[PDB]
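Breakdown of the fold
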Amino acid sequence: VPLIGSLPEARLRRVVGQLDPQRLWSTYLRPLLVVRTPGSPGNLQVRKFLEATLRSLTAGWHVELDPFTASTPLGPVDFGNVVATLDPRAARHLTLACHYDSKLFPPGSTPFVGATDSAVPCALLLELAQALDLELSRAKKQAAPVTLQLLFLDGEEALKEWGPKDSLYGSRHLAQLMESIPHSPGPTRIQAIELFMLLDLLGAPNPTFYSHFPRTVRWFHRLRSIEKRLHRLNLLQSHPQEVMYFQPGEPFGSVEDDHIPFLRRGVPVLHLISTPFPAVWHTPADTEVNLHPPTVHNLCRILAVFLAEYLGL
Ligand SMILES: O=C1Nc2cccc(OC3CCOCC3)c2/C1=C/c1ccc2[nH]cnc2c1
Ligand SMILES: [Zn+2]
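Residues numbered from 1 in each chain as written, not as in the entry; some residues may be left out. Chains lettered and ligands numbered in written order. Heavy atoms only, no water.

Method information in the entry identifies X-ray crystallography as the source of the structure, with 3.537 Å recorded as the resolution.

**Here's the deal with the pairing of strand β1 (residues 62–72)**
One face of the sheet, then the other: side chains in a regular strand alternate in exactly this way. Here β1 runs beside strand β2 (residues 75–85); their pairing, made up of eleven bridges, is antiparallel. Within β2, the position partnered with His62 by the bridge is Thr85. (Pairing = 2+ DSSP bridges. Helix = DSSP H or I, 4+ residues; strand = E, 2+ residues; numbered from the N terminus.)

**So, the coordination of the zinc ion (ligand 2)**
For the zinc ion (ligand 2), the full set of protein donor atoms is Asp117 (OD), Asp117 (OD), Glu157 (OE) and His282 (NE2), and the range of their distances to it is 2.0 to 2.1 Å. Each of the four donor atoms around the zinc ion (ligand 2) contributes to a set of angles spanning 66 to 159 degrees, which defines the coordination as irregular. Along the chain, the residues donating to the zinc ion (ligand 2) fall in the pattern D-x39-E-x124-H. Of the two residues, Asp117 sits in helix α4 (residues 115–131) while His282 sits in the loop between β6 (269–273) and α9 (293–310), which places them 165 residues apart along the sequence. For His282, a relative accessible area of 23% gives the class partly exposed. (Donors = N, O, S within 2.8 Å, 3.2 Å for Na, K, Ca; no water. Tetrahedral: all angles 85-135°; square planar, octahedral: opposite > 155°, others 65-115°. Buried < 20%, exposed > 50% of the residue type's maximum accessible area, 1.4 Å probe, protein only.)

**Here we look at the packing of aromatic side chains**
Counted by the stated rule, this structure contains ten aromatic pairs. On the numbers, 4.9 Å between centres and 25 degrees between planes, the contact of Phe105 with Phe112 is stacked. The exposure class of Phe112 is buried, given its relative accessible area of 4%. Note on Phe306 and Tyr310: the rings are 5.8 Å apart at their centroids and 15 degrees apart in plane angle, and the pair reads as stacked. Separated by four residues within a single helix, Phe306 and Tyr310 lie in helix α9, roughly one turn from each other. Here the aromatic residues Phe68, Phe79 and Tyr169 are joined through ring pairs into a cluster of three or more. (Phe/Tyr/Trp six-rings, centres within 6.5 Å; stacked < 30°, edge-to-face > 60°.)

**Focus on helix α7 (residues 217–226)**
Across the ten residues that make up α7, a large majority, seven, are buried. Where α7 is concerned, the buried positions are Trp219, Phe220, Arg222, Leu223, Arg224, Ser225 and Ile226. At its buried positions, α7 is contacted by β5 (193–200), β6 and α9. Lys228 sits one or two positions beyond α7 and adopts a positive phi of about 40 degrees. (Contact = heavy atoms within 4.5 Å.)

**Observations concerning the UniProt feature "active site" in the protein chain**
Per the UniProt annotation, the sites labelled "active site" are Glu156 and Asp200. For the annotated residues, spread through 45 residues, the largest C-alpha to C-alpha distance comes to 10.8 Å, consistent with a single compact locus. Considered against the largest pocket, the annotated residues that line it turn out to be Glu156 and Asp200. Setting aside residues no more than four positions away along its own chain, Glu156 makes contact with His99, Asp101, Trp162, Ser167, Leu168, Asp200, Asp257 and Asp258. Mapped onto the fold, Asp200 is located in strand β5. Beyond its immediate chain neighbours, meaning those up to four positions away, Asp200 contacts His99, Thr116, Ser118, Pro121, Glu156, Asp257, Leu272, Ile273 and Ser274. (UniProt positions renumbered as here; feature names shortened; annotations may be inferred. 1 Å grid on protein atoms, 1.4 Å probe; cavity = no way out; pocket = protein on both sides within 12 Å on 5 of 7 lines; lining within 4 Å.)

**Comments concerning the UniProt feature "disulfide bond" in the protein chain**
The disulfide annotated by UniProt between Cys98 and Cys122 is absent from this model, the sulfur-sulfur separation being 3.6 Å, which is not under 2.5 Å. Counting through the fold element by element, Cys98 comes out in strand β3 (residues 92–99). Structurally, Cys122 can be placed in helix α4. (Disulfide = S-S within 2.5 Å.)

**What about the packing of helix α2 (residues 21–29) against α4?**
Following both chains from N to C, one finds α2 and α4 inclined at 115 degrees, their axes separated by 9 Å at the closest point. Read as a crossing pair, α2 and α4 show a hand that is right-handed. Listed contacts from α4 to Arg23, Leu24, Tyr28 and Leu29 of α2 are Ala119, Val120, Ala123, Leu124, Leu126, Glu127, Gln130 and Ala131. (Axes fitted to C-alpha atoms, helices over the stretch in contact; angles between N-to-C directions. Left-handed = near helix turned anticlockwise from the far one by under 90°.)

**Description of the pattern of salt bridges**
Summed over all chains, the structure comprises 13 salt bridges. A salt bridge links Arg14 to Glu135, with the shortest nitrogen-to-oxygen separation between them at 2.7 Å. Taken as a pair, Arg14 in helix α1 (residues 9–16) and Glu135 in helix α5 (residues 133–141) lie far apart in primary sequence, 121 residues in all. Accessibility expressed as a relative area gives 41% for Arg14, which makes it partly exposed. A salt bridge links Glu179 to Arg265; its shortest N-O distance comes to 3.0 Å. Note that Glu179 is positioned in helix α6 (residues 169–180) and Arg265 in the loop between α8 (260–264) and β6, a separation of 86 residues in sequence. Salt bridges sharing partners connect three or more residues here, namely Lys48, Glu51 and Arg55. (Salt bridge = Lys/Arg side-chain N within 4 Å of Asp/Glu carboxyl O.)

Rendered as structure tokens:
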């Protein structure tokens, strides 16, 4: 049931046991469920919550901000990404990414906080850096050569409906900055990224994922192999069938998301997005109540394992 690189079943359980669903739901998810369109008092609130939550970690994450400003239909706008790098001097790193801005809808409609789009991912990343903190802290003390980088991207969502120059403000910029910064080896910080794992649209019930990239299908398989186990170990909730989320296959082929600026620059990209989109994207019906906490806590579990098998924690 396990491939090569896999964890031993004893660790895995020990690991899993470090996850704390109440923290996930009540510490990191519930307070992101505000409205956080770019340059909003809430888009600010969240940005600062992220910065300070991650900085509170023992492992010593080096958390920088990527503040900038860009011309957009609603005029000039003040964006700000949150780049948290566990070990900046290490040569390459796994990058988990997701955006923390909520799309902007017209005024008056019920306010849109996009539970799945993308707070549940933002929260997952947090719980993962916390659960596995001491483990990640070890690796960093023992000079591990591949570390972990958490990107919380602002300004994914258009402001006056999609378009190349009105979309992905946050990603398009950090990929621009990252390409300017030299790195040894490298030559740029863009090559630091050994793999761009992009979470988006997670937390709706009964999702389905696929390999939109054959460059990285190796890791999707693993992601699928990590599902069952856990199913075969009675460690997933509401998981009657064995493979359910990570299905086998190939295309669509692509859907436009925060990974794009980095693929132009030749980065390996695992797009980890629900295809199809939840039945609630893009409505004011994307709210804490329409999620499926089990499905959330399994994705967290799967991811947590992956992270441990990937960085050899
Ligand atoms: O922002 C948007 N408003 C729309 C309204 C109608 C259809 C749409 O999709 C078309 C257009 C581009 O995307 C795929 C088909 C969109 C849309 C795109 C989109 C895609 C993936 C995302 N992940 C997080 N926000 C996302 C937004
Ligand atoms: Zn969205």
